[PDB]
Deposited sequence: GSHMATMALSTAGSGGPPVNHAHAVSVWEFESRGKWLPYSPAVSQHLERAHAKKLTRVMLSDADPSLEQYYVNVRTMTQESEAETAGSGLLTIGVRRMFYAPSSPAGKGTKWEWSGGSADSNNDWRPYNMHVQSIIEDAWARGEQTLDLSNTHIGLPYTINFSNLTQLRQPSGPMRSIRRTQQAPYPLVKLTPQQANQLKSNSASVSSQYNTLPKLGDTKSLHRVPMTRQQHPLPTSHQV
């Protein structure tokens, strides 16, 4: 009887998740039937990110935005996320979320004990292989290998 609401934006043909706090801010505005939202209101570093809820777009330009529902059992619903690292090897400063669906598939393969998950099968156009024994993402064919991680996160907004 419940779902969590994950707001997403378009980034290179990937529908990436906004953070829990930003999704929580967007959801409250949708609930109040508002049209315009400034994302800095929920995350002060999102400088002049303007989301129009009627056209379902974000300007900061061309970008699409959507509101998606996921189950309580998804990573979004359970308070956990899978991210990959953005710039040197054992660098921890620039982390990035995978598409929420991909996070669920990674979580599911991790939980079932897979040694490896080839994201190019599943879905896509994500030529990456995840290795759970060393927690990395390998750009096919043979790298870069970037660190991935599973961390606790706040709950996304709950819905009827």
Notebook entry, point to check: Counting from 1 along the deposited sequence, what's missing?
Noted result: 1-21, 82-90, 191-240
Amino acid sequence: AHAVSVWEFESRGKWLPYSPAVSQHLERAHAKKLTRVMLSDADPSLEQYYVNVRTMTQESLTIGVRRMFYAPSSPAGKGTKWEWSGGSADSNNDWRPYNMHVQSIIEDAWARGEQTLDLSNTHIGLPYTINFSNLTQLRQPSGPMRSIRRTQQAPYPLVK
From here on, numbers count along this sequence of modelled residues.
Notebook entry, point to check: Averaged over C-alpha atoms, is the B-factor higher for 8-16 or for 135-143 in this PDB entry?
Noted result: 8-16
Next item on the list: Determine, for stretches 104-112 and 121-129, which one has the higher mean CA B-factor as deposited.
Entry: 121-129
Item checked: B-factor third for the C-alpha atom of residue 87 within its chain -> highest
Margin query: Which third, lowest, middle or highest, does the C-alpha temperature factor of residue 99 belong to within its own chain?
Written below: lowest
Check: C-alpha B factor of residue 63, ranked within the chain: lowest, middle or highest third?
Finding: highest
Next item on the list: Check where residue 36 lands among this chain's C-alpha B-factors and tell me if it's the lowest, middle or highest third.
Entry: lowest
Margin query: Per the entry's values, where does residue 46 land by CA temperature factor relative to the rest of its chain, in the lowest, middle or highest third?
Written below: highest
